[PDB]
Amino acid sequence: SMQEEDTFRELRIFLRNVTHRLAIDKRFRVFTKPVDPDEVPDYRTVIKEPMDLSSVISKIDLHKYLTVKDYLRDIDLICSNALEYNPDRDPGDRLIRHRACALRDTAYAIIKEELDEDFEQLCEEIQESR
């Protein structure tokens, strides 16, 4: 229905706004573009599904997310990729792990405060009907 297409358009507006607020935070600059395969050629041998905030906006605009749950699976993949690629005790690995955990915690905190639980349930019920 037109009402259901209006529901998904409101979800995309919400997701673009959350993603922009994460992308302008200086702590999260390393997560804003894909890891350069020229400068880090081993990255795509270890990490089987790369993800970054520029790819997330492209996916919102391609209508890939029909729920906030499917958006949060990609925020979780950005964080888990950083923890698995950078697991060592040295300061550069510990700094990127702390920033990855902060990106995840910040996204979940904005959604807990600003997403109505009945708007998410409506998106889940339209998705399940398709």
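All residue numbers are counted from 1 along the displayed sequence.
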Stretch exceeding the other in mean C-alpha B-factor - 44 to 52, 67 to 75
44 to 52
Stretch with higher mean Cα temperature factor, 35 to 43 vs 100 to 108, is 35 to 43
Please say which third, lowest, middle or highest, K59 falls into when its CA temperature factor is compared across its chain.
lowest
On the chain's distribution of Cα B-factors, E114 falls within the third called middle
